[PDB]
Every structure is written in C-alpha cells, then in structure tokens.
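*Asks:* Structure provided below as structure tokens; questions to follow.
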There are 10 protein chains.
Amino acid sequence: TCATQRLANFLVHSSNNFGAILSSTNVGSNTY
Amino acid sequence: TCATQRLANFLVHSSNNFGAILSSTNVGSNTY
Amino acid sequence: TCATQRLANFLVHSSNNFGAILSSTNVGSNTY
Amino acid sequence: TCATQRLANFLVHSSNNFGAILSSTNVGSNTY
Amino acid sequence: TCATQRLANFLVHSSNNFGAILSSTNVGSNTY
Amino acid sequence: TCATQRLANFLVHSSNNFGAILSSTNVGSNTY
Amino acid sequence: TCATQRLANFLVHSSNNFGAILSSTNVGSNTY
Amino acid sequence: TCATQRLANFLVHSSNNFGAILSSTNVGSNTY
Amino acid sequence: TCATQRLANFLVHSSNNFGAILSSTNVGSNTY
Amino acid sequence: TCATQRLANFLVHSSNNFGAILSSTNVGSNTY
C-alpha cells in the first residue's frame, strides 16, 4: 500500500454571487 | 494496492447567481 | 489493484441563475 | 484490476434559469 | 505503507460574493 | 414606475452530470 | 421611480457533476 | 428615485463537483 | 435619490469541490 | 443624495475545496 499525490494547477477562479448596483450610477466596470 | 493522483488544470470558473441592478442606472459593465 | 488518476482541464464555466434588472435602467451589459 | 482515469476538457457552460428584467428598461444586454 | 504528498500550484483565485455600488457614482473600476 | 421584487423559495436542487463508477466496486450508495 | 427588493429564501442546493469511485471499494456512502 | 434593498435568507448550499474515492476503501461516509 | 441597504441573513454554506480519499481507508466521516 | 447601509448577519460559512485522506486511516471525523 502506497499513497502518492501529485496534483498540479488546482484552480477555482470563483466569482459567484450577488452583485448590488443600485441607483443613479452609470458604471463602466465589473464588480465582484 | 497503490494510490497515485495526477490531476492537472482543475478549474471551476464559477460566476453563478443573482445580480442586482436596480434603478436609474444605465450601466456599461458586467457584474458578478 | 492500482489507482492512477490523470484528469486534465476540468472546467465548469457556470453562470446559472436569477439576474435582477429592475427599473429605469437602459443597460448595455451582461450581469451574472 | 487497475483504475486509470484520463479525462480531458470536462466542461459545463451552464447558464440555466430565471432572468428578471422588469420595468421601464430598454436593455441592450444579455443577463445570466 | 507510505505517505508521500507532492502538490504543486494549489490555487483558489476566489473573488466571490456581494459587491455594493450604491448611488450617484459613475465608476470605472472593478470592486471585490 | 415602481420595482418591487418578492421572490420566495427559489430552489434548484441540481445534481446533473457524469458519475464515474469504474471497476471491482460493489457499491451501495448514490454518488453525485 | 422606486427600487425595493424583498427576496426571501434564495437557495441553490447544487451538487452537480463528476463523481469518481474507482476500484476495489465497496462503498456505503454518497459522495459529492 | 430611491434604492431600498431588503434581502432575507440568501443561501447557496453548494456542494458541486468531483469527488475522488479511489482504491481499497470501503467507506461509510459522504465526501464533499 | 437615496441609497438604503437592509440585507439580512446573507449566507453561502459552500462546500464545493474535489475530495480525495485514496487507499486502504475504511472511513466513517464526511470530508470537505 | 444619501448613502445609508444597514447590513445584518452577513455570513459565508465556507468550507470549500480539496480534502486529502490518503492511506491506512480508518477515520471517524470530518476534515476541512
């Protein structure tokens, strides 16, 4: 029995949920 | 019995849920 | 018995659910 | 018995459900 | 029985949740 | 013009895709 | 023009994709 | 123009992707 | 123009991705 | 123009990614 782990380039570029842009705001952007 | 793991380029570019753009806002953007 | 895992380019470009664009907003965008 | 996994380019470009565009909004966009 | 771990380039470039841009703000940006 | 949102019990009990059960495994389970 | 948001019980009990059960494993479980 | 936000019980009980159970392991569990 | 935010019980009980249980391990558990 | 923020009970009980349980370990637990 042996246990060798070789994980390369694990990535989660997560940008998931709610974004609140509300009032009187003409926005050139992209909010997380 | 052996256990070798070789995972390359695991990725979840998640941008999932609710986006709130509400009122009086002409927005050139893309909110997460 | 052996266990070798070689996973390459796992990806879920998830952008799934509800998007709330509400009132008085002429929006050139694409909200997540 | 052996277990070799070689998965390449797993992808789910999911953009599934409800999109809420409500009132007084002439929108050039595509909301998730 | 042996336990060798060789993990390379573990990464989570997480920028997940709520972003609050509220009022009278024409913003060229991208807030986390 | 008004914008009132009253959403109750939004749900997506998603368990969608590929399930990999491979070899020499009599499994009493249900894998996501 | 007004913007009132009253969202209650937003939920996504997501358990979506690939599950890897490979070899010589009689498993009473349910892996995400 | 007004911007009032009243969001209650925002939830994403996400447990989404790959689960790796590999070899010689009779497991009573449920791994994320 | 006004900007009032009243957000209650924002929650993401996220337990998303890869779980590595490898070899010679009969495990009563649930690993994140 | 006014900016009032009243956020109550902001929470992200995040326990997301990789969990490494490897070899010769019968574990009653739940590792983050």
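Identifiers for the structure tokens are assigned positionally: chains receive A, B, ... in sequence, residues are indexed from 1 per chain, and ligands are indexed from 1 in the order shown.
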Is it possible to see chain B as a short mmCIF file (atom, residue, chain, number, x, y, z; two decimals) with N, CA and C atoms, in the first residue's frame, once it has been laid onto chain I by a least-squares fit on every C-alpha atom in order?
*Replies:*
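Written out: result30.cif:
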```cif
data_model
loop_
_atom_site.label_atom_id
_atom_site.label_comp_id
_atom_site.auth_asym_id
_atom_site.auth_seq_id
_atom_site.Cartn_x
_atom_site.Cartn_y
_atom_site.Cartn_z
N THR B 1 -32.86 61.17 -4.82
CA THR B 1 -32.10 59.92 -4.89
C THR B 1 -31.62 59.50 -3.50
N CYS B 2 -31.86 58.24 -3.15
CA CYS B 2 -31.44 57.71 -1.86
C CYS B 2 -30.93 56.30 -2.05
N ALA B 3 -30.09 55.85 -1.11
CA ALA B 3 -29.48 54.53 -1.18
C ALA B 3 -29.51 53.92 0.22
N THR B 4 -30.52 53.09 0.48
CA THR B 4 -30.64 52.37 1.74
C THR B 4 -30.53 50.88 1.47
N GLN B 5 -29.65 50.21 2.20
CA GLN B 5 -29.43 48.77 2.06
C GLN B 5 -29.77 48.10 3.38
N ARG B 6 -30.69 47.13 3.33
CA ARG B 6 -31.07 46.35 4.51
C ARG B 6 -31.04 44.87 4.12
N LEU B 7 -29.86 44.27 4.21
CA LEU B 7 -29.68 42.86 3.88
C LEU B 7 -29.58 42.05 5.16
N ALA B 8 -30.40 41.01 5.26
CA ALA B 8 -30.47 40.17 6.45
C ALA B 8 -30.19 38.73 6.08
N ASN B 9 -29.32 38.08 6.86
CA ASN B 9 -29.04 36.65 6.73
C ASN B 9 -28.51 36.29 5.35
N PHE B 10 -27.46 36.99 4.93
CA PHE B 10 -26.71 36.57 3.75
C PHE B 10 -25.89 35.34 4.10
N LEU B 11 -26.02 34.29 3.29
CA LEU B 11 -25.37 33.03 3.62
C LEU B 11 -25.00 32.28 2.36
N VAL B 12 -23.80 31.70 2.35
CA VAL B 12 -23.39 30.73 1.33
C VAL B 12 -22.66 29.62 2.09
N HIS B 13 -23.38 28.54 2.37
CA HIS B 13 -22.80 27.40 3.08
C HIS B 13 -22.08 26.52 2.06
N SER B 14 -21.04 27.09 1.46
CA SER B 14 -20.37 26.45 0.34
C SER B 14 -19.44 25.34 0.81
N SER B 15 -19.62 24.16 0.23
CA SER B 15 -18.66 23.05 0.38
C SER B 15 -18.56 22.37 -0.98
N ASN B 16 -17.70 22.91 -1.85
CA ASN B 16 -17.89 22.64 -3.26
C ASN B 16 -17.15 21.42 -3.80
N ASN B 17 -15.82 21.47 -3.85
CA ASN B 17 -15.15 20.67 -4.85
C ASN B 17 -14.36 19.48 -4.31
N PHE B 18 -13.41 19.04 -5.13
CA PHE B 18 -12.66 17.79 -5.00
C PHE B 18 -12.48 17.31 -3.57
N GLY B 19 -12.78 16.03 -3.35
CA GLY B 19 -12.47 15.35 -2.11
C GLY B 19 -11.68 14.08 -2.35
N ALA B 20 -10.50 13.97 -1.75
CA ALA B 20 -9.54 12.91 -2.07
C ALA B 20 -9.46 11.91 -0.92
N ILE B 21 -10.11 10.77 -1.11
CA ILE B 21 -9.98 9.59 -0.25
C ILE B 21 -9.42 8.46 -1.10
N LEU B 22 -8.25 7.94 -0.73
CA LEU B 22 -7.38 7.29 -1.70
C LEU B 22 -7.26 5.78 -1.52
N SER B 23 -6.78 5.29 -0.38
CA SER B 23 -6.35 3.89 -0.34
C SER B 23 -6.36 3.33 1.07
N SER B 24 -6.84 2.09 1.21
CA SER B 24 -6.73 1.32 2.45
C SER B 24 -7.32 2.06 3.64
N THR B 25 -8.44 2.75 3.41
CA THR B 25 -9.04 3.63 4.42
C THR B 25 -10.55 3.42 4.42
N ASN B 26 -11.04 2.64 5.38
CA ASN B 26 -12.47 2.50 5.61
C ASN B 26 -12.90 3.61 6.57
N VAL B 27 -13.54 4.64 6.04
CA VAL B 27 -13.68 5.92 6.71
C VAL B 27 -15.15 6.18 7.00
N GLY B 28 -15.49 6.32 8.28
CA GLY B 28 -16.79 6.85 8.66
C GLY B 28 -16.69 8.34 8.93
N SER B 29 -17.02 9.17 7.95
CA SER B 29 -16.70 10.59 8.03
C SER B 29 -17.51 11.34 6.97
N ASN B 30 -17.18 12.62 6.79
CA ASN B 30 -17.56 13.35 5.57
C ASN B 30 -16.63 14.55 5.39
N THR B 31 -15.64 14.39 4.52
CA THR B 31 -14.55 15.35 4.39
C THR B 31 -14.93 16.47 3.42
N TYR B 32 -14.57 17.70 3.80
CA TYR B 32 -14.79 18.86 2.95
C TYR B 32 -13.74 18.94 1.84
#
```
*Asks:* Can you tell me, as JSON, numbers by chain, which residues in chain E count as strand (DSSP E or B) by DSSP?
*Replies:* {"E": [2, 3, 4, 5, 6, 7, 8, 9, 10, 20, 21, 22, 23, 28, 29]}
